[PDB]
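Quick check, what structure comes out for this input:
(chains A, B and C, ligands or ions: 4)
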Amino acid sequence: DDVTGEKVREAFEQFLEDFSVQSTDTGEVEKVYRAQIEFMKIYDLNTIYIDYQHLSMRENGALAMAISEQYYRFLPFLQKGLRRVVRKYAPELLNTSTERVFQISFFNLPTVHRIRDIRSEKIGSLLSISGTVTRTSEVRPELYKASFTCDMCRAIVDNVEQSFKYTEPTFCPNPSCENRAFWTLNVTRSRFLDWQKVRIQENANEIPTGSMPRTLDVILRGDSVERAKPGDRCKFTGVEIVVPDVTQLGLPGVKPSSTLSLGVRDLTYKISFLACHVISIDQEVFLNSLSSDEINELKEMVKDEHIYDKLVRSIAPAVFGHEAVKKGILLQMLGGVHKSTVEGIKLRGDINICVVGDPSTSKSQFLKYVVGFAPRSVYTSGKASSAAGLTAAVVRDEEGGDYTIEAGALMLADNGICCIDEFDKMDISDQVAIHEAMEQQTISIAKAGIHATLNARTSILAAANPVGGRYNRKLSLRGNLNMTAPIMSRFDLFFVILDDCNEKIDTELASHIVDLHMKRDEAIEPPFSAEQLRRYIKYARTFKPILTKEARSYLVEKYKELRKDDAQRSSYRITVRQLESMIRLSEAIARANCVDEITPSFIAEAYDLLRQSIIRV
Amino acid sequence: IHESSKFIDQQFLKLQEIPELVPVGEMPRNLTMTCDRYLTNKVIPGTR
Amino acid sequence: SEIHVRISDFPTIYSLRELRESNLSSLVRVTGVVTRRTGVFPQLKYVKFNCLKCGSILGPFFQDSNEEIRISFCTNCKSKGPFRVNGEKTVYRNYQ
Ligand SMILES: Nc1ncnc2c1ncn2[C@@H]1O[C@H](COP(=O)(O)OP(=O)(O)O)[C@@H](O)[C@H]1O
Ligand SMILES: [Mg+2]
Ligand SMILES: [Zn+2]
Ligand SMILES: [Zn+2]
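Residues are numbered from 1 along each chain as shown, chains lettered A, B, ... in the order given. Ligands and ions are numbered 1, 2, ... in the order given. Here you go, the structure:
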């Protein structure tokens, strides 16, 4: 036995039992831990949230140091201590109704170490790692406690808990056996733990110069499974564990080995991470999540006389001189109402914008600004991307193994804006591929034994230079683009950006740019910060604007005028797709003004946007 | 003793359901068959 | 030879990702879209192992669907060799 382990276990029990602290100004001195024991008993939960600072304040941090430095050995001792604490206080929830496997998920650790910063000395210790979720596995049952049936002296014996390696009971229900031939498991009596292996990439910001993003495989168990999202930045807290590796046998350098009749085992390992706490880095739900400070900010923000213009000027601070493009990007960010018909048709409810313009017109700047600002957004370039990248892909589970689905760019931008930079240079096959998904919002993979139907409700923001690298004055927009007229028809807004030799605008833009290089910040101050914008967009998204009966007429005559005006030759011909687009923009405008009913002003704004977007030859 | 033995011909054909009468969303289903002696080399592939 | 009972209208409905492990050895009602069929395959239902040491075939033993039972010892003559199956006498069941 180990004296230190038992002593630390009982010290942990005592510290938990006598934990004390003042609770704010109200609640007096509240034993937060002991009271939260019954708080989680109310729902009979399985997690006990051990904030690190609590464990750190006591015993001058010696208990925290012992737990962090040698967590793997202490964890069963802490489990026994927690069971004893439940026995002494609040024993009403111990039974599952065998015994619930309570999870001790630490958090609020001092520092978070990157994937590149993982070290071989700190294995067996507790830390936090931050990375991007790229591949996740199924929720496969994992054998934790097993029931074994002895081939000899046959019977059923449970409570033979499973270790990391297979374990079978040496003692038998009939002791005369003492033989372990074919100890057989059974479904109804064995105990299992939920399991999930999530692959994480190194974050882009922390990538070393001239290096590839190092990856890692993270194990999820208990109630923490199925929490991460592919393409969602998340932090993982737990212990570094080693797992057997059969690949690194031909690598240079000597190898660990054993001798016991050769009695030799080839010993290689690769480092993984077992995680306990993972977090992601109705309008009433969003309102409930909203704090009152913001709720009231929102109230004066909502009751502003001119909220549309102030929202427009608050988007894309870096770019100067483009207002209609800012309006379009704002509408795309807000989105639209996804409506389903009784006959099965799923009406499109997101805005797709193709921005064409002369070189050096902040188009790439718009796309870069949108990403990193719009939640669940992906930025890609035209040439360095493929269909397996834009759409979902198929790749092996592990090297020399079966294949699996790979998260594509479109899905990583599901219910988000995907920014496709340099659309024209991107290959025609991948063009068919992106457009095919855009038509039905669903990307299907039918290769290598997988026929999953993968949906992607993504608004596409496309940028492309005119053919020849310069807009032809004579030719139209369709004549200066390499995509087809149906591709024009699918896309909603065409913001053809042009360059002109106007002295005033040149002087003002030069002043703006040299000031932006001058004042690293405060060069231009948008009325609304990122947080306020994000929240407003989130709140507006929750509302679902409804079309009033009166505005339907105004739509009808506006579409009549739109059909009459052209070809009485323009960039895009007038079709019904346009009338759908008129609503698609109207719902976004209504969401912007935080209104619930469509008014003729909204149709006026949408028709203004569509009449300005169309360009005379 | 191979010089005093006697042998027979055996052939493995494969049968697939006629592609005309196939459910639209499903791959065709095939069947493995054997064959012996005078039935061997009686059908070329592509014969109903 | 046998009859079956098909339960309908179970109260609780769980999605595939929500099965977790508590639903183990439990009746569940889930919905989805069918993707792949594996055809119709005969599966052993009433297997009759034969004992060449006895002289003839043994009795029809019910085959558990969890795993394939084996004749390690012949309870009659203690034969270690013959535990094969005769596809003519064996009664099969559909499987997909
Ligand atoms: N209206 C503008 N406002 C702010 N910056 C601009 C503007 N026009 C050009 N620029 C600047 O000049 C550069 C142009 O880059 P950009 O237009 O995004 O490349 P591309 O034309 O290939 O999309 C950027 O640094 C951008 O900030
Ligand atoms: Mg560009
Ligand atoms: Zn035994
Ligand atoms: Zn026998």
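
so where's the longest strand in chain C?
Ranked by number of residues, the top strand in chain C under DSSP state E is strand C:43-50.

Next, work out how far apart the residue in chain B positioned nearest to ligand 1 and residue A:521 are.
With Cβ to the nearest ligand atom as the measure, the residue in chain B that lies nearest ligand 1 is residue B:25; the distance is 44.0 Å. The C-beta positions use only the backbone N, C-alpha and C, and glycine is treated the same way. Spatial separation of residue B:25 from residue A:521 under the definition Cβ to Cβ, to the nearest Å is 58 Å.

Closest to the centroid, which residue in chain C?
When chain C is reduced to its mean C-alpha position, the nearest residue by Cα atoms, centre = their mean turns out to be residue C:65, at 2.8 Å.

Wait, a strand at it?
No. Assigned with DSSP: H, G, I helix; E, B strand; the rest coil, residue C:65 falls outside any strand and is coil.

Quick check: it vs ligand 3, distance?
Residue C:65 is 26 Å from ligand 3, where distance means Cβ to the ion, to the nearest Å.

how close does that residue sit to ligand 2?
62 Å.

Equivalent analysis for residue A:8, please.
Following Cβ to the ion, the distance that separates residue A:8 from ligand 2 is 59 Å.

Quick one: residues contacting the residue of chain A at minimum distance from ligand 4.
The minimum distance from chain A to ligand 4, using Cβ to the ion, falls at residue A:151 (20.9 Å). Counting by Cβ atoms under 8 Å, 6 or more residues apart in numbering or on different chains, residue A:151 touches A:179, A:181-184.

what about residue C:5, distance to chain A?
Counting by Cβ to the nearest Cβ, to the nearest Å, the gap from residue C:5 to chain A is 20 Å.

what about that residue, is that helix, strand or coil?
When the structure is split into helix, strand and coil by three-state DSSP, residue C:5 lands in coil.

Look at it and say how many residues are nearby.
Residue C:5 has 4 neighbours, counted by other Cβ atoms under 10 Å in any protein chain shown.

which non-adjacent residue is nearest residue C:13?
Counting by Cβ to Cβ, 6 or more residues apart in numbering or on different chains, the nearest residue to residue C:13 once its immediate chain neighbours are dropped is residue C:29, at 5.1 Å.

quick one: contacts for that neighbour?
C:10-14 are the contacts of residue C:29 under Cβ under 8 Å, 6+ apart.

for residue A:97, same thing?
Residues touching residue A:97, when contacts are defined by Cβ under 8 Å, 6+ apart, comprise residue A:44.

could you redo the last one with a cut-off of 7 Å?
Contacts were defined as Cβ atoms under 7 Å, 6 or more residues apart in numbering or on different chains; by that measure residue A:97 touches no other residue.

For residue A:44, see how far away it is.
For residue A:97, the distance to residue A:44 equals 8 Å [Cβ to Cβ].

hang on, isn't residue A:197 packed against residue A:219?
Yes. When contacts are counted by Cβ atoms under 7 Å, residue A:197 is listed as touching residue A:219 (5.7 Å).

and the most centrally placed residue in chain A, how far is that from residue A:455?
When chain A is reduced to its mean C-alpha position, the nearest residue by Cα atoms, centre = their mean turns out to be residue A:232, at 2.3 Å. Counting by Cβ to Cβ, the gap from residue A:232 to residue A:455 is 17 Å.
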